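Worksheet for the structure shown next.
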Amino acid sequence: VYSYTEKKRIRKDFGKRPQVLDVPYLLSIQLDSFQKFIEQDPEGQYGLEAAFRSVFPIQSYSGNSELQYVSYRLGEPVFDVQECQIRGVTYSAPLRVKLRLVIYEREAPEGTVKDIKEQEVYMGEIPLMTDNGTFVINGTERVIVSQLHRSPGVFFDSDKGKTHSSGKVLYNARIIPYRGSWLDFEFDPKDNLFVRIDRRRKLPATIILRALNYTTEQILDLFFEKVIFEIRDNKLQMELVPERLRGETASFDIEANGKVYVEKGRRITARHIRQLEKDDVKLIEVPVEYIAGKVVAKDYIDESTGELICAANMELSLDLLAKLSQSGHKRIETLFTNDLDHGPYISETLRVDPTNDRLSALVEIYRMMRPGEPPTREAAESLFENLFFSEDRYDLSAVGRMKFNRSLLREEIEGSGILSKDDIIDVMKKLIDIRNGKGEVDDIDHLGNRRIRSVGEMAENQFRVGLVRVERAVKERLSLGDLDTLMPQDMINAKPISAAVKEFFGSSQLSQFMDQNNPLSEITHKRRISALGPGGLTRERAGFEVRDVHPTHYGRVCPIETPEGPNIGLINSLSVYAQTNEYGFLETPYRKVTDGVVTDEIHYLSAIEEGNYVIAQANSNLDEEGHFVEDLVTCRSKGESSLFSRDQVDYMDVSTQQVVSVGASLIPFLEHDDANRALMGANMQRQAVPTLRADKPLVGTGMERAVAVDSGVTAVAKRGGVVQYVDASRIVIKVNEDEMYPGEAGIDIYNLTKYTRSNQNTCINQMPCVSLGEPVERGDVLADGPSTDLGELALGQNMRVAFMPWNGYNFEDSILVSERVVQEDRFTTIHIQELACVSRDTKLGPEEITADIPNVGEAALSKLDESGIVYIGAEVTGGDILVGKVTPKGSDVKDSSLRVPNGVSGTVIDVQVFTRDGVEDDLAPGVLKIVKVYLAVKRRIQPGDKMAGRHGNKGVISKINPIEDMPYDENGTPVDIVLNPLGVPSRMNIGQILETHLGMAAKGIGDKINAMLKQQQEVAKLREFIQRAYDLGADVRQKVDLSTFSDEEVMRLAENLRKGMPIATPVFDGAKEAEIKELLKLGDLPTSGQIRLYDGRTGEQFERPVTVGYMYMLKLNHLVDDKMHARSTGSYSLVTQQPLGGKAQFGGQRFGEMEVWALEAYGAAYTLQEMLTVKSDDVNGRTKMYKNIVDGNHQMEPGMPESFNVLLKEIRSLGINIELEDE
Amino acid sequence: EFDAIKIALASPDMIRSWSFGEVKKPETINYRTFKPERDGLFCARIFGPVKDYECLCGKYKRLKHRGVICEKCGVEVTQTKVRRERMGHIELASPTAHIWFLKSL
DNA sequence: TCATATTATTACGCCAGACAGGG
DNA sequence: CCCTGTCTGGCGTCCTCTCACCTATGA
RNA sequence: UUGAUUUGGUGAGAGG
Ligand SMILES: [Zn+2]
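As given, the protein sequences belong to chains R and U, one line each in that order.
The C-terminal residue of the first sequence carries number 1223 in the working numbering, and the numbering is unbroken.
The C-terminal residue of the second sequence carries number 1328 in the working numbering, and the numbering is unbroken.
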């Protein structure tokens, strides 16, 4: 069964693997994030309720009044989205917050408040999201791009090689909170443990232990195990568990029980450990040279004399043993400092420590954190107890506590947001364990260690900034509060919240202007994962590994769609099936595989879960039950693609599109292209302009439907039914009764957005693709947007392309185009320019909007009214007048009248005017005369434009040939576009050839149907040929149910197929070559894909037959009459005497540094002298040169450049006396 | 025209010889009209007239007496590019050592 | 409108060059 | 007193095109 | 004597 615009033109779908999970809604990141931000969600998480339950109830410092919270709300926007874009306002909503002030008496923690008051106060306006995932910030339509940042929670990083210049590794450990102070632990090459807070000075780390009220003995209890020396009959014997001797040299005689176990000289093996455990050896008598290097654990005091024997962490000598033996402390606890495993790092750090108690530890930490200003008991204790341990200024979130408990192998995952003693001690213990050998480091590119921020999280953080500023203001007003003469808007202020949230949505590194020239480009700018932004890395610094693809990107981030240039791999784009985890990580679908039978249930995993399991490959042959047809299958275990058994796997990939994104899964024959050319192909495919006549890719992938629907450029029907079709203004849909509400009788009236400006000056336009009185279903499309054709996605157009060299006109990457491409207007795109004119009151009275234009004669009053402003629609070009806008006293009158820029033509499509109340409306103040004029240039195609296919084959269209000179085959049809075969062996993008052959076969079927329907046959022969065309070959998913198309839906389908039968070649499970040959045999075309072609010039055959087919070629928006520029003489800058830069400023070319070196490389001394003195800077030289040229005397009078005298005055404006010496 | 470029230190007599007037007031411009400040950073007497051969305030609107300076204007009378070569000097109350000769490493 | 004058983040990678510490 | 970690400064590609956004205070 | 403001500076994106 199919829907009714699905039976219009059903695309022949190759593809063998049955898909189990349909594609999710492609804008779900933006929409789910912002629906989390604004939603009335009780239990508090997450949203605006989390912000209000953190900041409220505010109580002042015993001021006996406590403003509390009830509920919030967002009213209607005063401006709907269209008139909001037209006017220039934000698309926002007012945030109505109920606030309940209760005010206490004296001595009421428990007492009832003396008075209440409550009102629905107004704080800020928050910008709502449009239904397509965009904002409208100040007239322009912007997009917040989801960030990719390091997760909160501990990270054990190594930095193995570069420091110390000696090959000795370090090991640092960063506890990254979501909000607050950063705590890092780090070794130094003396093997001492150092703490630093917020990248400040370096403190030896155990001082933080001494700041947590730990004595030295408790610290040595934590990080060391005790070895017991018992004072006995002679020589102070030792308790010896045999584990401690692992891998060391026997220094003494190891004997017990009257038996010599191990003699001196040999190392202790594990067999000797087994001998000591079998022989039950604990107590052995040691020599006095064994204790002469060990370190005491706890303190001991001489009992009778009443003084100290030794402090804790003191090494022992023989006379120290003579001190402690004669006193009466029989047990001696020593620190086992194994050189192999259990290193003495804490103990040597305690030897570095200049402190002894808790108070001096806090004084040293306070002198680290805030220097100069004195360290007193209260101040240092408040500092250190609010560094990590208060809920205000330090908060590992739920993500942070999950990562923090997971990296320490804790059992639980939910806990308190602050740290504790035990958490810092566990981070130090795991760091020491990593130094000892057990456990390993973490990598930072691993996407289980890399969280995503999105729109709701970022706006919530900015809103929390605004709320803590307004609670400091409420605490300000309340202690100065007199009652009862205030109601809660003398306390609260709507200004800081609105200021902060408009600061983020207007001027941030991620709230950025939407790439809007294409439905693909909208839908792939909204699905973007940037590594940049606040708190993340920068473009010009890092690095090599964060720019590189890591094995956790499989199914989360597209491997091949990343922009080339200065930021590669920082601006990653999200995969097709990848959702976002509850904590913000990237979870991708897999199919749960209990045993041999691969089950059709799906189950989502992130990269810290994908490592443990064994996950299969998407295309592994399984037949009729889910059993893998082989006994061994390629899977990947822990980021390592390896071959495993038939019955070991726990998950399988869902579908074979899932590695790549929605930009680079629209490329058919992706698997035959190179990776580089797929990258260039996807990045150029974002850049296509919408043509005037949208044209249905013959070789698509079937993902065109989901992109063209899910990006909101087409008018998808909300409720199904029939149609009334007034449509000149709006589609009117009568609703079927089952989908129709009992009250609100109701018929749906869709607004078509006609010719208007996009963000890239292209033309967004919707056209109805349903007739009058025609059934439509829910979810069906009604109006085709820009670059769409019956709900599919038509960026460029499909043209007949020959691969051959043609007389040099397609030399490096150029492209030679017939005249049939430019006669049919089949790339003639439509651009729209907005031009503003204002008549602000700068000085000497206000400016004026009158046709009575001066000096200039009846060449002003022309495309305007009888007395002012461009009339409505003519063919205006360059140098015309649109809005007469000139003042008197500015003879002394002048011409600021906004005219048409140089080089452009067009038709005035629209004139908007919300001018200074007097022009003879709704807008803001200040600005007076506000006249916006919308031109619409129609640019065709010309030598110099840029076209490209989908595979990375760039081209600048070189010659626009006549129809006659084209290479025609023996049937008579010219070929449209000639490309060059030499690009194909080097640039290994062989997929454009299979697209060429399969598009040739598609139009072969289209020509066959066009013959069977033009030379008109009764519909039995058409339905037989359509059935043969839709069966065609191997086991596929489509077949068709064609005998249920009522003898008319066969004919309407065959009316929509006579331009070529559309073929879906999916991404990695595409059409094989034998099916291309078999489809080329169904059409009457030659099997090789190659036709003999004659030459239009000479009429004689090209030897060695050439390839002709249909490639889907796109017109990119790098048009040549936006790049052509020239300057002889005009205006310059102010500070310098050199010319201005750019095209919108009529400026000249920067003759840079390497061009000066290139002229020095020749003998061009005079060319360089005029290149930097006369042509550029020296004012007397250039006026004398212009007069010398127009007299007919090519001679320069050089002089000295002005910018060098600017250099002299800037150097001389220091204390520097730079001069110019003798004649 | 000229051989080598010589660089040396700037004596206070040399800086007073470069100068054309002490810049006292920090007031940049009027900002509500179009006129500058007399006598602030952007002065008239210390540097020159904004307009070419015009007293900014009011006298000499032809080409006869280029130079006269009335008391109502406290303005020189030369070219529009004359201010680009003229520099002012600030009489620093308290001596301040140069940062280029104190932190050059 | 017309003078008043500066605070609560961290996440590069060498590579010279100068400096207090110690055998 | 001659090695020495350690700290501080000083580099880090040219050319071009499009867009938006710009200090608070205040009797 | 016959006319006028971006360069300034930031941020984001793009081309070769
Ligand atoms: Zn004068």
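Backbone N, C-alpha and C define an ideal beta-carbon position, used for all residues, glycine too.
Would a check of beta-carbon distances place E1224(U) closer than 8 Å to chain R?
-> yes
With respect to the alpha helix (DSSP H) encompassing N676(R), which residues constitute its N-terminal and C-terminal limits?
-> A675 to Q685
Report the three-state DSSP secondary structure of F223(R) (helix, strand or coil).
-> helix
Member of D673(R), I176(R) and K235(R) whose CA lies at the smallest distance from the CA of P985(R) = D673(R)
Closer than 7 Å by beta-carbon distance: list the chain U residues that pair up with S891(R), in chain order.
-> Residues of chain U passing the Cβ test: none, with the nearest at roughly 16 Å.
Between the Cα of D780(R) and the Cα atoms of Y871(R), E248(R), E640(R) and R719(R), which residue gives the shortest distance?
-> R719(R)
Cα-Cα separation, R826(R) to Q797(R) = 8 Å
Are the C-beta of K1284(U) and some C-beta of chain R separated by less than 8 Å?
-> no
Would you check if there are 3 or more beta carbon pairs closer than 8 Å linking the segment 23–38 of chain R to the segment 1064–1078 of chain R?
-> no
Report back the beta-carbon spacing between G999(R) and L1057(R) to the nearest angstrom; my notes put them in contact at under 8 Å.
-> The Cβ separation is near 14 Å, so there is no contact.
Report all residues from its chain with a CB closer than 7 Å to the CB of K1184(R); omit the five preceding and five following residues, and keep chain order.
-> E1197
Would you mind reading off the limits of the beta strand (DSSP E) that contains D302(R)?
-> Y300 to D302
Since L1214(R) meets chain U, which of its residues come closer than 9 Å, beta carbon to beta carbon?
-> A1233, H1321 and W1323
Exposure label - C84(R); buried when at least 16 CB within 10 Å = buried
Where the beta strand (DSSP E) containing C837(R) begins and where it ends = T829 to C837
Chain-ordered residues of the segment 1173–1185 of chain R with a beta carbon less than 7 Å from chain U | none
For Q82(R), I'd like the list of residues in its chain whose CB is within less than 7 Å of its CB, leaving aside the five on either flank, ordered along the chain.
-> none
Three-state secondary structure (DSSP) at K932(R)?
-> strand
Considering only C-alpha positions, which residue in the set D302(R), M514(R) and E348(R) is nearest to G133(R)?
-> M514(R)
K843(R) CB to nearest chain U CB: under 8 Å?
-> yes
Looking at the structure shown, is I497(R) part of a helix, part of a strand, or coil, going by DSSP?
-> helix
Are there 16 or more other CB atoms within 10 angstroms of the CB of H1194(R), so buried, or fewer, so exposed?
-> exposed
Quick one: is the Cβ of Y934(R) within less than 7 Å of any heavy atom of ligand 1?
-> no
First and last residue of the uninterrupted alpha helix (DSSP H) at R1150(R) = Element bounds for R1150(R): n/a, residue is neither H nor E.
Around the C-beta of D353(R), are 16 or more other C-beta atoms found within 10 angstroms, so that it is buried, or is it exposed?
-> buried
Which of the residues in the segment 606–620 of chain R, read from start to end, lie with their CB under 8 Å from any CB of chain U?
-> none
Taking 8 Å as the CB-CB limit, is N1217(R) close to chain U?
-> yes
Would you give the residue range spanned by the beta strand (DSSP E) that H149(R) belongs to?
-> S146 to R150
For the segment 57–132 of chain R, which segments carrying the alpha helix (DSSP H) assignment without a break, of at least 4 residues, lie completely within its bounds, in sequence order?
-> 81–87
Using a Cβ-Cβ distance under 8 Å, would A1267(U) count as near chain R?
-> no
Per DSSP, which residues does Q797(R) bridge with? Please list them.
-> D695(R) and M1113(R)
If we ignore side chains and look at the alpha-carbon of each, how far apart do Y1094(R) and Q1101(R) end up?
-> 4 Å
Going along chain U, which residues have a C-beta under 9 Å from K1209(R)?
-> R1307, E1308 and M1310
Which two residues bound the contiguous beta strand (DSSP E) that contains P1086(R)?
-> It is not in any beta strand (DSSP E) - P1086(R) carries neither H nor E in the DSSP assignment.
Give, in chain order, every unbroken run of the beta strand (DSSP E) that is at least 3 residues long and sits entirely within the segment 1101–1145 of chain R.
-> 1106–1115
Which bits of chain R does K1229(U) rub up against, with CB to CB less than 9 Å?
-> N1217, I1218, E1219, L1220 and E1221
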